[PDB]
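Worksheet for the structure shown next.
Number of protein chains: 4
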Amino acid sequence: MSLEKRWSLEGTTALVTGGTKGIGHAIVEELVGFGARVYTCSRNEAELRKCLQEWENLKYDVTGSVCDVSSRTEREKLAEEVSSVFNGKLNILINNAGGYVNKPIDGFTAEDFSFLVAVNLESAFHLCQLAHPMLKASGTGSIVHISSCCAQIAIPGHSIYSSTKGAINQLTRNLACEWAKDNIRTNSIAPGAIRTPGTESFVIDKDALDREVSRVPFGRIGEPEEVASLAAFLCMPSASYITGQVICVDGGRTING
Amino acid sequence: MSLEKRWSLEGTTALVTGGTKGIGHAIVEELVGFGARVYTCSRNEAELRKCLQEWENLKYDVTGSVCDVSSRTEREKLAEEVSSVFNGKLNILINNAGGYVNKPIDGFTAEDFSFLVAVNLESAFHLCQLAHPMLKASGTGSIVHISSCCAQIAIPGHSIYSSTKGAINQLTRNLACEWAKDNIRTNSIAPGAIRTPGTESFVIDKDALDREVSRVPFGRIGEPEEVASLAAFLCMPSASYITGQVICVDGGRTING
Amino acid sequence: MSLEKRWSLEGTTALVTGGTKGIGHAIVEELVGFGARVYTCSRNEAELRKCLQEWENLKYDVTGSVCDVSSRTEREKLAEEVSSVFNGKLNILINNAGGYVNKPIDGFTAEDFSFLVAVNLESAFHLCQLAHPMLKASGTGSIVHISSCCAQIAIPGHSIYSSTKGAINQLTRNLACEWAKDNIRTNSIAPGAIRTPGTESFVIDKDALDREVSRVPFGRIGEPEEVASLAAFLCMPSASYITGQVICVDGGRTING
Amino acid sequence: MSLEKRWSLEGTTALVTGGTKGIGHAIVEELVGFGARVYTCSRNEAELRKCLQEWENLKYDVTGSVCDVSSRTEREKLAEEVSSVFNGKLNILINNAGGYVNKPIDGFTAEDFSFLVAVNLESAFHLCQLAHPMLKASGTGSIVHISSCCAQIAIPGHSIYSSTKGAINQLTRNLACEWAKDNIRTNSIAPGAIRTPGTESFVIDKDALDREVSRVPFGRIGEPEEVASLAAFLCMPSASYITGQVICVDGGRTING
Ligand SMILES: NC(=O)c1ccc[n+]([C@@H]2O[C@H](COP(=O)([O-])OP(=O)(O)OC[C@H]3O[C@@H](n4cnc5c(N)ncnc54)[C@H](OP(=O)(O)O)[C@@H]3O)[C@@H](O)[C@H]2O)c1
Ligand SMILES: NC(=O)c1ccc[n+]([C@@H]2O[C@H](COP(=O)([O-])OP(=O)(O)OC[C@H]3O[C@@H](n4cnc5c(N)ncnc54)[C@H](OP(=O)(O)O)[C@@H]3O)[C@@H](O)[C@H]2O)c1
Ligand SMILES: NC(=O)c1ccc[n+]([C@@H]2O[C@H](COP(=O)([O-])OP(=O)(O)OC[C@H]3O[C@@H](n4cnc5c(N)ncnc54)[C@H](OP(=O)(O)O)[C@@H]3O)[C@@H](O)[C@H]2O)c1
Ligand SMILES: NC(=O)c1ccc[n+]([C@@H]2O[C@H](COP(=O)([O-])OP(=O)(O)OC[C@H]3O[C@@H](n4cnc5c(N)ncnc54)[C@H](OP(=O)(O)O)[C@@H]3O)[C@@H](O)[C@H]2O)c1
Ligand SMILES: O=Cc1ccc2c(c1)OCO2
Ligand SMILES: O=Cc1ccc2c(c1)OCO2
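Residue numbers (the authors' numbering), protein chains in the order written: chain A, 15 to 271; chain A', 15 to 271; chain B, 15 to 271; chain B', 15 to 271. A prime marks a further copy of an entry chain.
This is the structure:
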């Protein structure tokens, strides 16, 4: 295959969950930049519509619908609509929508636990199940989970969050092996702290920000496009022998003494 | 500290969940063998009572009550009874009770997912929360989770099982760091296939057994005491600088090419 | 930075050791395909000339000289010539040239050990030292080591080979943290078996080929461009927050049960 | 096998390199405490004699000779003498003697590199080869390498040191799989900073001490017996299903955020 085709997503179809802000928004734009047709969602109709209008103004081929991926019935309805829009063929599934709670282990409620498991683990698992027929039908499938680099280390307050992301890292391995025969690859990107609306209150908390940045060799938090570029690469034919991997995008955070 | 005291559990108190069969039964006996007073549980009153009678006949200091650790209210009642019996001081918590479903990713139901999360992950998490005061009050605490070596590799059918155990491996790291200041250590033992009542149908399935054993350098499945010995060691003062680790007891399975 | 610029190597200079065959040849072509000017080397003057003539006919900008990177004095001469050719500014260092011996542990000689350490570990370490000023001067330096996926698992015959690659994987982490202050990133690519006629490698005979085919979920060995693409990506501005990582390119080999 | 027998080293013979100070001295004492007969060595005849006299007064069975394990011919002479003393039957090989240099990457000399590879990697590899017949003859052989927790993270100054320990960690896996057929198990213990007056090590000065104290959740460096206990355990019948593992003994250092 030519270098040009190996580094392109021209003609492909993609579903990115949680695409109106932060990393997901950057992933939508990165995939469109390499020629993908993209479907996205969020929980907020007004914000999603504005995003879709902005993208249509820019001639970006993006469509979408409101979906709370923590709801089983909404996931079912999303997968049905995505299959209808893309005529049953999906090249790319990016499980980006997630959730976060920061508390000491002693403080987590049953509701905190169920919230994090549903949005970080069950959502991705069930969406993978639902998308398997159209990923297989595309003939070339790529699943990317957005995990977290803290699923390899212990950050104060992150116990249940990191545990659900560690579950995602293992699921990545099972998906990669079980669905290889369908020409579907599965990988996880594990970011460090990234500048997004989800981390705006963290950036305002200078004591917390400075402590985290002091552990990053690069001396700064990441930017959304520093995650999105790798997400696009992992979907390209260039990545055809990369499957089952968890790749940290963290400026050296996890390996820093 | 003397070698004798560093390799002893004399005077300690311990809670082992799921102690009537398999690995948990071997852990109860190993801890008692080093002088621990042990509390255990299972879901089956008749089998638990027979175990407790057998142990009393042998002069093993073991008590227990019926508890389904997948139930929030039963966990609360267990922790209250354990605290009452041990006068508020618990040296050792072994989270051994778990559950297992083997299906292709495509086949898992919502109920399979919720079953495995509740019994493998939420049970251990909540019991750790409930036991934290008495672990702290003991002055020297040790938590051991029984994970699985398949939380590092992809075994067909193990997707949700391995993912919940991978969550346990990460939780091990968070517990180890957050509660170090309370002199509590937390580690995980990750067995390969072990000969237990839980694997009896697997051993009858010679095609499945032979395939798994062909991947084990040692050419056999493990025995329960090969897990229980390490569980006892990790609770001894000898293990005072070991915390946050996931140790595979698998005959070389996970590292075998 | 625009998408086009983040995914470009225009204006960069690169040193790739061992570019005359196998993975290294594909890495040279991939870098030139994104606009890099490349310097390469090998021990075989005739093969090096033939490669350089072919790239000149293709209008690629590739330079080279004969160098045995297992020799300290030849590495010093190589680094001085590269610095002269590129006016003391080097964006990219790819340590690709390696050595391979396949024997049981009992069979390795002192010379096998010295051979493997010199070319797989010492050469990369010393070349990094020698290239540090040029890499620092570029302002966006990228070091890529080519390791092996077998630095995480045990493959028959691979003991010393895999051990030197495990050393490279750790060196990657030290380089990433010590030289982050110069905006030099260091990462390792760990291939599985790659189709490489003319190099002694992973696929030593039909038994090794059949073994790898059976253990890779995709049921095939990799192609050189499947490693080279990731090498190019890791050098692009798109990879600006990725450092200290060991990324397996092995079709799922190491994580497959 | 009874509990008492599974936790005993009665009737075993052991070779521990570098038993005159630091961790190795504690390992000798721990092995003798469980009934092992031990052979040890060092380069300092006066220190070796003083240690051997002290153990004789304590009625421990320890033998030794002067040996520089960085020398191929001296390793051959050591293995021949050990085989003579133990009549060709060795239960335990502990590769403890090491070397340590702390410099920035830019500062390492060719001699530093050769020094560290010879004692941390080549010595252990060649001693394993030389001891294989005696270990096989025992029927229950156990090899323990002493690695370092910094083979998983980047500590300032540790580049070549950590890299040689990363090589040891991989060699552990190859030995575990290749020699499982002889019932020889191989594992690595990876300590964090251990209080070791009289050896050049992790704690090079007050800045290193303060750093490690700040990064260890337990807020302290380790003690030699905290490594030695695990070394003894890994040699006991209790550890019969544990092989190919790298176990960190670091108070949580490597996994602490
Ligand atoms: N930022 C970091 O530092 C960081 C670090 C590591 C990992 N991550 C992971 O990166 C992923 C994205 O994080 P981010 O920081 O970019 O988050 P963010 O800025 O909060 O943006 C999240 C996006 O997802 C949508 N979303 C949230 N919950 C949803 C649900 N239940 N259903 C559908 N959409 C939902 C949000 O829109 P609505 O709220 O309108 O639905 C929004 O579009 C998450 O999985 C996160 O855990 C982030
Ligand atoms: N055996 C293996 O190959 C293997 C491998 C890797 C990991 N593991 C892990 O090892 C642990 C023990 O496994 P095992 O093979 O020894 O299992 P096992 O033979 O089935 O025995 C399980 C014990 O736990 C009790 N138990 C089960 N569910 C329970 C619940 N909800 N509440 C309280 N007790 C419960 C059982 O009694 P009742 O049913 O009467 O309650 C029994 O006493 C599990 O966490 C398992 O996932 C096992
Ligand atoms: N299946 C695989 O091929 C495989 C799998 C995993 C990892 N890897 C790793 O990937 C890298 C490339 O592997 P490869 O198989 O393509 O080839 P290789 O045999 O490692 O390297 C061959 C290239 O390097 C040159 N070379 C070798 N030794 C040299 C020396 N001392 N000085 C200068 N140049 C030298 C060769 O040319 P001359 O011989 O003419 O000098 C040739 O251009 C290596 O690090 C290898 O260990 C390969
Ligand atoms: N904080 C720590 O101390 C630390 C942390 C992590 C890992 N480790 C590892 O743990 C092991 C023990 O470390 P350590 O600090 O206690 O001591 P060390 O300096 O590695 O070893 C000292 C012992 O080995 C002997 N020795 C050294 N080089 C030798 C050679 N070439 N031939 C024969 N004997 C030799 C010494 O006696 P002579 O000098 O008299 O020969 C002494 O008995 C080493 O592998 C070390 O790398 C240590
Ligand atoms: O979502 C919030 C968040 C904050 C800090 C983090 C992080 C996520 O991952 C590594 O450090
Ligand atoms: O519980 C059942 C079970 C069966 C096979 C396994 C396993 C667990 O862990 C590694 O292989």
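Backbone N, C-alpha and C define an ideal beta-carbon position, used for all residues, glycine too.
Exercise. My understanding is that A:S243 touches B:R20, with C-beta atoms under 8 angstroms, so please give their C-beta distance in whole angstroms.
Key: Locating residue 243 of chain A in the first sequence gives position 229, where the first residue counts as 1. Locating residue 20 of chain B in the third sequence gives position 6, where the first residue counts as 1. Indeed, because the Cβ distance is near 6 angstroms, the residues count as touching under 8 angstroms.
Practice problem: At 9 angstroms on the CB atoms, spell out the chain A' contacts of B':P231, in chain order. | Solution: What you label residue 231 of chain B' is simply residue 217 of the fourth sequence in a count that begins at 1. Chain A' residues near B':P231: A190, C191, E192, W193, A194, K195, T257 and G258.
Quiz item: For A:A168, which residues in chain B' fall below 7 angstroms Cβ to Cβ?
Solution: Mapped onto the first sequence, residue 168 of chain A falls at position 154. Near A:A168 (Cβ distances below 7 angstroms), the residues of chain B' are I269, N270 and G271.
Quiz prompt | 8 angstroms Cβ cutoff met for B:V241 and B:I269 | solution = The count along the third sequence starts at 1 and reaches residue 241 of chain B at position 227. The count along the third sequence starts at 1 and reaches residue 269 of chain B at position 255. Going by C-beta atoms, B:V241 is not nearer than 8 angstroms to B:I269.
Quiz item: When the Cα atoms are used, what is the spatial distance from A':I167 to B:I261?
Solution: Within the second sequence, residue 167 of chain A' is the residue found at index 153, counting from 1. Within the third sequence, residue 261 of chain B is the residue found at index 247, counting from 1. Cα to Cα, A':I167 sits roughly 16 angstroms from B:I261.
Quiz item: Count the other CB atoms within 10 Å of the CB of A:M148; is the residue buried (16 or more) or exposed (fewer)?
Solution: Within the first sequence, residue 148 of chain A is the residue found at index 134, counting from 1. With 16 or more Cβ atoms within 10 Å of its Cβ, A:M148 is classed as buried.
Practice problem: Indicate, with yes or no, if ligand 3 has a heavy atom lying under 7 angstroms from the CB of B:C55. | Solution: By 1-based counting over the third sequence, the position of residue 55 of chain B is 41. Yes, Cβ of B:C55 sits closer than 7 angstroms to a heavy atom of ligand 3.
Practice problem: Please indicate yes or no: does the CB of A':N58 lie closer than 7 angstroms to some heavy atom of ligand 2? | Solution: Along the second sequence, one-based indexing puts residue 58 of chain A' at 44. Yes, since a heavy atom of ligand 2 falls inside the 7 angstroms radius drawn around the Cβ of A':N58.
Practice problem: Verify the contact flag: A':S228, CB atom, against every heavy atom of ligand 6, threshold strictly below 7 angstroms. | Solution: Residue mapping note: residue 228 of chain A' aligns to position 214 of the second sequence, counting from 1. The answer is no for A':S228.
Self-check item: Alpha carbon of B':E59 to alpha carbon of B':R51, nearest angstrom
Solution: Counted from its first residue, the fourth sequence places residue 59 of chain B' at position 45. Counted from its first residue, the fourth sequence places residue 51 of chain B' at position 37. For B':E59 and B':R51, the distance between alpha carbons rounds to 20 angstroms.
Practice problem: Give the DSSP-derived three-state secondary structure of B:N101 in the structure shown. | Solution: The residue given as residue 101 of chain B occupies position 87 in the third sequence. If DSSP states are grouped into helix, strand and coil, B:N101 belongs with coil.
Quiz item: Should A:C164 be counted as a contact of ligand 8 given a C-beta to heavy atom distance under 7 angstroms?
Solution: Looking at this structure, you won't find ligand 8 anywhere; what it does contain is ligand 1, ligand 2, ligand 3, ligand 4, ligand 5 and ligand 6.
Exercise. Name, in chain order, the residues that DSSP records as bridge partners for A:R234.
Key: Counted from its first residue, the first sequence places residue 234 of chain A at position 220. DSSP, once it has assigned bridges, lists no residue as partnering A:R234.
Quiz prompt | Neighbour-count burial assignment, A':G121, 16 or more Cβ in a 10 Å radius | solution = For the purposes of this step, residue 121 of chain A' is taken as residue 107 along the second sequence, with counting starting at 1. Label assigned to A':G121: exposed.
Quiz item: Is it the case that the Cβ atoms of B':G258 and B':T154 are separated by a distance below 8 angstroms?
Solution: As a position in the fourth sequence, residue 258 of chain B' is number 244, starting the count at 1. As a position in the fourth sequence, residue 154 of chain B' is number 140, starting the count at 1. No, the pair does not count as a contact, with Cβ atoms beyond the cut-off.
Quiz prompt | Interface positions of the region 101-120 of chain B facing chain B' (Cβ-Cβ less than 7 angstroms), listed along the chain | solution = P118, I119 and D120
Exercise. Please determine, among B:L189, B:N105 and B:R57, the residue with the shortest C-alpha to C-alpha distance to B:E88.
Key: Here residue 88 of chain B refers to the residue found at position 74 of the third sequence. Ranking B:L189, B:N105 and B:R57 by Cα distance to B:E88 puts B:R57 first.
Quiz prompt | Inter-residue spacing [alpha-carbon to alpha-carbon] between A:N197 and A:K91 | solution = In the first sequence, counting from the first residue as 1, residue 197 of chain A sits at position 183. In the first sequence, counting from the first residue as 1, residue 91 of chain A sits at position 77. Distance between the alpha carbons of A:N197 and A:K91: 25 angstroms.
Practice problem: Within the same chain, show all residues whose beta-carbon is closer than 7 angstroms to that of A:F232, passing over the 5 residues directly before and after it, in chain order. | Solution: Numbered from its first residue, the first sequence carries residue 232 of chain A at position 218. Result list for A:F232: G265 and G266, in chain order.
Quiz item: Just the Cα atoms here: how many angstroms apart are A:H159 and B':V42?
Solution: Within the first sequence, the letter at position 145 stands for residue 159 of chain A. Within the fourth sequence, the letter at position 28 stands for residue 42 of chain B'. Rounded to whole angstroms, A:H159 to B':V42 spans 49 angstroms at the Cα level.
Quiz item: What distance in whole Å lies between the Cβ atoms of A:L62 and A:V80, which are believed to be in contact at a cut-off of 8 angstroms?
Solution: Here the question's residue 80 of chain A lines up with position 66 in the first sequence. Here the question's residue 62 of chain A lines up with position 48 in the first sequence. Right, the Cβ-Cβ distance comes to about 6 angstroms (below 8 angstroms), so this counts as a contact.
Exercise. Can you say whether A:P205 is buried or exposed, counting buried as having 16 or more other CB atoms within 10 angstroms of its CB?
Key: For this step, residue 205 of chain A is matched to residue 191 along the first sequence. Result: buried.
Quiz item: For A':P118, does the count of other Cβ atoms within 10 angstroms reach 16, so buried, or fall short, so exposed?
Solution: As a position in the second sequence, residue 118 of chain A' is number 104, starting the count at 1. Exposed: under 16 other Cβ atoms inside 10 Å.
Quiz item: Hey, would you say the C-beta of A:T210 is under 7 angstroms away from at least one heavy atom of ligand 1?
Solution: To locate residue 210 of chain A, count along the first sequence from 1; it is residue 196. Under cutoff, so the answer is yes.
Quiz item: What residue range is occupied by the uninterrupted beta strand (DSSP E) comprising A':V52?
Solution: For the purposes of this step, residue 52 of chain A' is identified with residue 38 of the second sequence, where counting begins at 1. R51 to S56 is the extent of the beta strand (DSSP E) around A':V52.
Quiz item: In this structure, does DSSP put A:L107 in helix, strand or coil?
Solution: Translated into the one-based positions of the first sequence, residue 107 of chain A becomes position 93. Residue state, collapsed to three classes: strand.
Quiz item: Smallest Cα separation from A':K195: which of B':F139, B':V263 and B':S228?
Solution: If you number the second sequence from 1, residue 195 of chain A' lands on position 181. That would be B':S228, whose Cα lies nearest to the Cα of A':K195.
Quiz item: If we cut at 8 angstroms on Cβ distances, does B':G180 have a partner in chain B?
Solution: Start at 1 with the first residue of the fourth sequence, and residue 180 of chain B' comes out as number 166. With 8 angstroms as the cut-off, B':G180 counts as an interface residue toward chain B.
Practice problem: Could you tell me which of A:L223, A:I108 and A:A181 sits nearest to A':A165, measuring between CA atoms? | Solution: Stepping through the second sequence from its first residue, residue 165 of chain A' is reached at position 151. A':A165 has its Cα closest to that of A:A181, out of A:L223, A:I108 and A:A181.
Practice problem: Please check if any C-beta of chain B' sits within less than 8 angstroms of the C-beta of B:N58. | Solution: Your numbering for residue 58 of chain B matches position 44 in the third sequence. Not one chain B' Cβ lies under 8 angstroms of B:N58.
Quiz item: Terminal residues of the continuous beta strand (DSSP E) containing A:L29?
Solution: Your numbering for residue 29 of chain A matches position 15 in the first sequence. Per DSSP, A:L29 belongs to the beta strand (DSSP E) from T27 to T31.
Quiz item: Can A:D82 be considered in contact with ligand 1, in the sense that its beta carbon sits closer than 7 angstroms to one or more heavy atoms?
Solution: Residue numbering aside, residue 82 of chain A sits at position 68 when the first sequence is read from its first letter. Yes, since a heavy atom of ligand 1 falls inside the 7 angstroms radius drawn around the Cβ of A:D82.
Quiz item: If you scan the region 174-244 of chain B from start to end, which runs of the alpha helix (DSSP H) of 4 or more residues do you find wholly inside it?
Solution: 220-229
Quiz item: For B':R20, which residues in chain A' fall below 8 angstroms Cβ to Cβ?
Solution: Counting from 1 along the fourth sequence, the entry for residue 20 of chain B' is found at position 6. Within chain A', the residues near B':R20 are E239 and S243.
Quiz item: Is A':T31 near ligand 6, judged by its Cβ being under 7 angstroms from some heavy atom?
Solution: As a working note, residue 31 of chain A' is residue 17 in the second sequence. The answer is no for A':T31.
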